[PDB]
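Please read the structure below before turning to the comments.
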Amino acid sequence: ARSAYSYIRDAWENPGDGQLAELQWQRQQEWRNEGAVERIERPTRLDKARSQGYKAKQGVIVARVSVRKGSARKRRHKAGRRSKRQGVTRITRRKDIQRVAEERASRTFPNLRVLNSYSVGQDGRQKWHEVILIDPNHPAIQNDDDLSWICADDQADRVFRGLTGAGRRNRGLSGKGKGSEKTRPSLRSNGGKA
Amino acid sequence: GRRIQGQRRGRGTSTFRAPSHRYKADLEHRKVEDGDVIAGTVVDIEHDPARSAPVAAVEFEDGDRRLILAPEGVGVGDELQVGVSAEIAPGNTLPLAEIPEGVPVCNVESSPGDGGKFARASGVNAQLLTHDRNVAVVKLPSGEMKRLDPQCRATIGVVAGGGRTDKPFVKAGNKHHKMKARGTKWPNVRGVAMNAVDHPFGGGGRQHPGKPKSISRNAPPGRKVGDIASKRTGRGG
Amino acid sequence: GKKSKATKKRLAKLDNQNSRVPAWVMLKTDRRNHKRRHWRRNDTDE
Amino acid sequence: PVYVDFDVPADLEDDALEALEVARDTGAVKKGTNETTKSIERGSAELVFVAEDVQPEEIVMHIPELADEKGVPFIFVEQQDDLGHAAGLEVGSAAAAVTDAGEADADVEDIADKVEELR
RNA sequence: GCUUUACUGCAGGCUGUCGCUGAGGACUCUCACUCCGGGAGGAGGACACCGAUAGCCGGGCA
RNA sequence: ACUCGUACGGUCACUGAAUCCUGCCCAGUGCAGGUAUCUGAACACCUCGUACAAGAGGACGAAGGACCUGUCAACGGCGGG
RNA sequence: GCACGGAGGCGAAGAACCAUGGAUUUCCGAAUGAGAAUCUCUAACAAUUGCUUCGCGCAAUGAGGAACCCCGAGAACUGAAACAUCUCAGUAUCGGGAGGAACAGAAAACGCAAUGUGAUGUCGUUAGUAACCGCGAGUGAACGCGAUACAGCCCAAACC
Ligand SMILES: [Cl-]
Ligand SMILES: [Cl-]
Ligand SMILES: [Cl-]
Ligand SMILES: [K+]
Ligand SMILES: [Mg+2]
Ligand SMILES: [Mg+2]
Ligand SMILES: [Mg+2]
Ligand SMILES: [Mg+2]
Ligand SMILES: [Mg+2]
Ligand SMILES: [Mg+2]
Ligand SMILES: [Mg+2]
Ligand SMILES: [Mg+2]
Ligand SMILES: [Mg+2]
Ligand SMILES: [Mg+2]
Ligand SMILES: [Mg+2]
Ligand SMILES: [Mg+2]
Ligand SMILES: [Mg+2]
Ligand SMILES: [Mg+2]
Ligand SMILES: [Mg+2]
Ligand SMILES: [Mg+2]
Ligand SMILES: [Mg+2]
Ligand SMILES: [Mg+2]
Ligand code: NA
Ligand code: NA
Ligand code: NA
Ligand code: NA
Ligand code: NA
Ligand code: NA
Ligand code: NA
Ligand code: NA
Ligand code: NA
Ligand code: NA
Ligand code: NA
Ligand SMILES: [Sr+2]
Ligand SMILES: [Sr+2]
Ligand SMILES: [Sr+2]
Ligand SMILES: [Sr+2]
Ligand SMILES: [Sr+2]
Ligand SMILES: [Sr+2]
Ligand SMILES: [Sr+2]
Ligand SMILES: [Sr+2]
Ligand SMILES: [Sr+2]
Ligand SMILES: [Sr+2]
């Protein structure tokens with residue numbers, strides 16, 4: 001039969017309809033009053049977190065992060081530029097907001113490593129994402145068959161090197177064939193043209 | 001070119017800041033619970049560096065010693081009241097609602113409880129004209145009819161120091177001393193007297209603005225100089 | 001000026017270094033303090 | 001609160017929890033929102049409880065309407081930990097379901113009846 | 001380096017539109033949101049602010 | 001920042017103590033206000049087109065402009081016959 | 001010791017010397033009790049975190065490293081015989097971060113279209129080809145093939 005989870009999932013397909021609509025309207029009022037990174041006891045979208053790797057266990061942390069909405073907050077050129085490099089208003093950054101959120105979360109919890117993240121809405125001036133972070137030093141995790149991989153040295157600060165699911169997608173690594181000529185194995189090795 | 005003086009201002013560097021560390025106090029109305037059971041005694045009259053007008057030090061019943069924006073005619077010993085039931089006497093503060101139409105007031109609040117925003121300069125006063133259950137109409141010093149929440153508090157009387165403007169400075173040195181008590185860069189070099197790189201009006205053999213002075217409201221900073229969005233100029237017509 | 005305890009330790013070290021290469025080092029090496037300094041001609045750090 | 005559409009009197013909640021406790025000793029009961037959900041879906045449920053202090057609310061938002069289109073009666077409990085204690089758990093429980101009472105069928109019936117009346 | 005009704009652009013301002021954003025070609029309301037208030041509460045209000053885009057101005061700047 | 005400031009204020013400009021004075025010009029340019037009619041973008045809407053889409057046209061029309069007015073201690077002008 | 005002196009001493013109680021392991025290891029320094037131009041003042045994981053016995057009790061982070069590597073920010077001189085798209089170039093330089101290598105990686109692939117190939121780097125080639133471009137100057141792949149090395153697995157959910 002359908003899992004209880006499928007119901008949370010199905011609710012979030014139309015965050016603007018039904019009970020979820022009213023919940024969000026209520027919640028955001030409180031979220032707007034909270035900081036940039038608020039640790040939370042439980043995921044807001046359980047089905048999504050469990051799907052991404054979350055477990056109700058010691059060493060697993062969840063945090064909600066908000067970021068200002070919109071394009072780049074770029075400073076206009078003070079020195080000479082050809083028309084082409086004078087733009088300031090329509091230029092957007094290359095990292096999506098979800099990625100900016102994962103990094104702020106990870107900076108708040110220096111000892112934890114980002115596992116994944118998902119969206120929990122936005123209003124007219126900001127976006128919220130919840131981020132799952134793991135304590136690579138806690139034995140409950142070092143002994144987990146599904147999460148111990150994140151304890152390896154080379155997984156340190158993984159989010160800052162684009163090793164996140166959101167990181168990999170933003171780097172154009174989704175497709176395995178056409179269109180990924182300059183994204184795989186890395187943007188850098190391809191001269192930064194992807 | 002280079003940023004004009006008006007643009008250096010916004011950065012709030014020392015040259016443009018007011019000598020705040022020398023200013024005395026924020027003459028905002030006292031905050032009363034209700035009832036008007038607040039009275040104090042004028043304990044002293046002082047000079048206010050920030051406004052070139054006198055201020056009065058009041059000692060309130062509950063033990064609070066605060067400087068007050070004093071109207072004309074207030075002296076040591078006099079008792080002042082602040083509250084809804086305060087007596088309609090010069091120097092007392094109360095909401096416009098409690099004030100009789102046709103009475104000059106000063107230090108009028110813009111929004112109830114803000115402490116006062118209008119008519120605070122030397123010898124000026126607002127004039128309460130109309131009352132109502134929803135709107136108190138006041139005539140401000142500029143002569144404009146302002147609609148205010150009748151819950152906006154004011155002080156009865158005109159501000160102390162009237163006529164300060166009647167006497168000329170006579171000397172640059174006198175202007176100087178006053179300017180040193182304000183957030184202003186003085187003296188003033190004319191735009192026409194500067195190099196083209198420094199102002200829209202600079203440059204040219206003889207001095208003259210090589211352009212009309214009435215500038216559009218939409219003009220960007222650095223260009224908005226001269227007569228800003230003038231509806232008209234001159235004395236004629 | 002006024003010297004701190006540390007400054008004084010550093011100044012003292014500079015004074016000590018400012019000495020001759022012992023005569024015996026000459027013989028032993030069979031034939032110059034390249035760091036000889038003068039208070040006037042030179043300038044120390046700080 | 002968004003999924004709650006009527007308040008239950010402390011007394012009623014009292015009787016319900018007790019009925020639930022004797023249900024696990026005698027009959028059969030499901031502990032957990034997931035198990036509770038499948039029971040309501042498989043139709044093997046007589047009475048389902050739903051805590052009211054559940055945060056986030058999405059975990060249980062579906063129980064009410066799901067129960068209606070399945071005839072299954074349901075009742076609210078002010079606290080999550082009581083439901084878990086009553087359900088015989090050393091932890092809390094956002095929802096519970098009596099999968100066939102046990103020498104409590106009589107009580108369960110009345111509670112359901114009382115609830116319907118309570119709208 | 002400087003100028004301007006030189007060429008081409010870029011900030012910035014004004015203006016419409018979409019999102020924020022709700023209920024009953026002009027209108028009422030309150031619940032988001034804004035402001036005042038120590039607080040209760042008051043003022044305002046789906047506007048404004050902010051994100052996006054479109055038209056006009058634009059030697060302020062390249 | 002101005003600002004512990006509130007029009008007897010402070011911002012932006014011009015002229016440059018006192019004294020006697022400061023004429024004519026609003027066509028151009030600038031600013032500002034108004035504006036029946038005209039013109040005036042995008043989204044939404046309508047027609048054609050496409051099993052859809054590109055696209056073509058339409059209706060509506062904000063600021064702006066056309067047009068009218070105000071203004072020279074506003075840029076400036078006050079000739080030849 | 002360099003270091004070719006003088007004096008004196010150590011070494012058969014096997015010194016010197018070399019290898020491995022251990023001891024000692026002032027102060028400043030990430031610098032961490034507070035402060036300071038390497039010192040001072042009155043018990044210290046400062047600060048941010050995780051677990052928590054809710055007590056700094058147990059732990060993590062911080063800074064360094066020649067370049068290499070990953071993720072972000074991103075010029076201009078220059079070329080086009082001027083110059084704006086283009087070029088120089090995702091170069092210089094900047095912010096963040098890991099390792100001994102990084103990154104990638106077990107198909108919602110390929111599309112020598114097939115009765116065919118079968119994770120991913122990389123090397124040779126495909127090729128200055130296709131594609132881009134004031135269609136100017138210039139920019140510029142991929143599939144495949146030959147090699148190198150080869151390796152495939154784990155969750156979420158259903159049912160418990
Ligand atoms: Cl991380
Ligand atoms: Cl003055
Ligand atoms: Cl093939
Ligand atoms: K160039
Ligand atoms: Mg398993
Ligand atoms: Mg004050
Ligand atoms: Mg000064
Ligand atoms: Mg002057
Ligand atoms: Mg000059
Ligand atoms: Mg200029
Ligand atoms: Mg002149
Ligand atoms: Mg000596
Ligand atoms: Mg405020
Ligand atoms: Mg120029
Ligand atoms: Mg002059
Ligand atoms: Mg002069
Ligand atoms: Mg220290
Ligand atoms: Mg050239
Ligand atoms: Mg590589
Ligand atoms: Mg050419
Ligand atoms: Mg290229
Ligand atoms: Mg290919
Ligand atoms: Na971290
Ligand atoms: Na010296
Ligand atoms: Na020059
Ligand atoms: Na004219
Ligand atoms: Na050592
Ligand atoms: Na530590
Ligand atoms: Na502790
Ligand atoms: Na050339
Ligand atoms: Na040239
Ligand atoms: Na080109
Ligand atoms: Na072949
Ligand atoms: Sr680190
Ligand atoms: Sr004030
Ligand atoms: Sr105040
Ligand atoms: Sr000039
Ligand atoms: Sr005149
Ligand atoms: Sr000297
Ligand atoms: Sr619990
Ligand atoms: Sr004169
Ligand atoms: Sr005119
Ligand atoms: Sr293989």
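Keep in mind that the numbers below use all heavy atoms, side chains included, and drop hydrogens, waters and symmetry copies. Letters go in sequence order (proteins before strands), and every chain restarts at 1.
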Tell me whether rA47(G) is paired to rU61(G) (Watson-Crick: purine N1 to pyrimidine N3 plus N6-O4 or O6-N4; or G-U wobble; cut-off 3.5 Å). yes

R190(B) to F201(B), cation-pi by 6.0 Å centre distance and 45° axis angle: no

For atom NZ of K127(A) and atom P of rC50(E), their distance in whole Å: 19 Å

Minimum-distance pair of heavy atoms, taken over all atoms of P19(B) and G183(B): CD-N, 4.5 Å

Have a look at the sugar of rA54(E) and report north or south, taking a positive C1'-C2'-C3'-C4' as north and a negative one as south. north

Of all nucleotides in RNA chain G that come within under 4.0 Å of a heavy atom of chain C, which is furthest toward the 5' end and which toward the 3' end? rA3(G) to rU40(G)

Would you indicate whether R3(B), at its atom CZ, is surrounded by more than 12 heavy atoms from other residues, nucleotides or ligands within a distance under 6.0 Å? no

If we call it a pair only when both distances are under 3.5 Å in a Watson-Crick or G-U wobble match, what pairs with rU11(F)? none

Groove identity (major vs minor) for side-chain contacts of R125(A) below 5.0 Å: minor

So, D144(A) side chain and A140(A) main chain: donor-acceptor pair closer than 3.5 Å or not? no

Could you work out the separation of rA43(G) and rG35(G) based on their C1' atoms and round it to a whole Å? 16 Å

Between atom CD1 in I215(B) and atom P in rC75(F), what is the gap in whole Å? 14 Å

Contact class for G70(A) vs. all strands (heavy atom < 4.0 Å): base, sugar-phosphate, or nothing? sugar-phosphate

State whether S230(B) places a side-chain N or O below 4.0 Å from either non-bridging phosphate oxygen (OP1 or OP2) of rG30(F). no

Are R51(B) and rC4(F) close enough that a side-chain N or O sits under 4.0 Å from OP1 or OP2? no

Counting Watson-Crick and G-U wobble pairs only, both distances under 3.5 Å, name the nucleotide matched with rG134(G), or none. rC83(G)

Please name the nucleotide paired to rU4(E) by Watson-Crick or G-U wobble geometry with both distances under 3.5 Å, or report none. none

Is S20(B) touching bases, backbone alone, or none of the nucleic acid, heavy atoms closer than 4.0 Å? base

Heavy atoms under 4.0 Å, any strand shown: does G226(B) hit a base, just sugar-phosphate, or nothing? base

Picking from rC75(F), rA73(F), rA13(F), which would you name as closest to the side chain of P212(B)? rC75(F)

Measure NZ/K185(B) against P/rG10(F) and give the value in whole Å, please. 18 Å

If you count every heavy atom of other residues, nucleotides or ligands that lies below 6.0 Å from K69(A) atom NZ, does the total exceed 12? yes

Is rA23(E) paired to anything, Watson-Crick or G-U wobble with both distances less than 3.5 Å, and if yes, which nucleotide? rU28(E)

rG9(F) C1' sits how many Å from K117(B) NZ, rounded? 15 Å

Would you say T92(A) reaches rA52(E)'s phosphate, i.e. side-chain N/O to OP1/OP2 under 4.0 Å? no

Is any N or O donor-acceptor pair between the side chain of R217(B) and the base of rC14(E) shorter than 3.5 Å? no

Kindly say whether, by distance alone, the side chain of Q86(A) makes a donor-acceptor pair under 3.5 Å with the base of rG9(E)? yes

Identify whether any heavy atom of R39(A) sits under 4.0 Å from a base atom; if not, whether one sits that close to sugar-phosphate; answer base, sugar-phosphate or nothing. sugar-phosphate

Kindly check the sign of the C1'-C2'-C3'-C4' torsion at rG33(G) and name the resulting pucker, north or south. north

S4(C) (side chain) donor-acceptor with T7(C) (main chain) under 3.5 angstrom: yes

Given the P atoms of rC49(E) and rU15(E), what is the spacing between them in whole Å? 9 Å

Proximity to the side chain of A50(B) - top-ranked nucleotide from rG76(F), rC4(F), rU15(F): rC4(F)

Closest to the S142(B) side chain, choosing from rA1(F), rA7(F), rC33(E): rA7(F)

Judged by the sign of the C1'-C2'-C3'-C4' torsion, with positive meaning north and negative meaning south, the sugar of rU3(F) is south

Would you say NZ of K38(D) has more than 12 non-hydrogen atoms from neighbouring residues, nucleotides or ligands within 6.0 angstrom? yes

Has the side chain of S214(B) got a donor or acceptor atom sitting under 3.5 Å from an opposite partner on the base of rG30(F)? yes

Hey, does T29(C) reach any base, or is it just sugar-phosphate, or nothing, if we go heavy atoms under 4.0 Å? base

Given the sign of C1'-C2'-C3'-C4', the sugar pucker at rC88(G): north

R45(A) vs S51(A), test: side-chain hydrogen bond (donor to acceptor under 3.5 Å, both in side chains). Steps then yes/no. CA-CA 10 Å; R45(A) 299 180 48 191; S51(A) 185; over 6 Å; no

Identified pairing partner of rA149(G), criterion: Watson-Crick or G-U wobble below 3.5 Å: none

What is the base-pairing partner of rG72(G), counting Watson-Crick and G-U wobble geometry with both distances under 3.5 Å? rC94(G)

May I ask you to verify if any side-chain N or O of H208(B) is less than 4.0 angstrom from the OP1 or OP2 atom of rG76(F)? yes

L23(A) atom CG is separated from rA32(E) atom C1', nearest whole Å, by 15 Å

Looking at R120(B), does any N or O in its side chain come under 4.0 Å of the phosphate oxygens OP1/OP2 on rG5(F)? yes

Checking base pairs now: Watson-Crick or wobble, both atom distances under 3.5 Å. What partners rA43(E)? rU34(E)

Under 4.0 angstrom between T233(B) side-chain N/O and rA73(F) OP1 or OP2: no

Looking at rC14(F), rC33(E), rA32(F), which one has an atom nearest to any side-chain atom of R32(A)? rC33(E)

Looking only at heavy atoms, what is the nearest atom pair of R66(B) and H29(B), with distance? NH2-O, 4.4 Å

Salt bridge or not for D62(B) and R30(B), using N-O below 4.0 Å? yes

So what's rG144(G) paired with, Watson-Crick or G-U wobble, going by both distances under 3.5 Å? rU125(G)

Would the number of heavy atoms belonging to other residues, nucleotides or ligands and lying under 6.0 Å from NZ of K9(C) be above 12? no

Using the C1'-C2'-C3'-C4' torsion, classify the pucker of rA89(G) as north or south, with positive meaning north. south

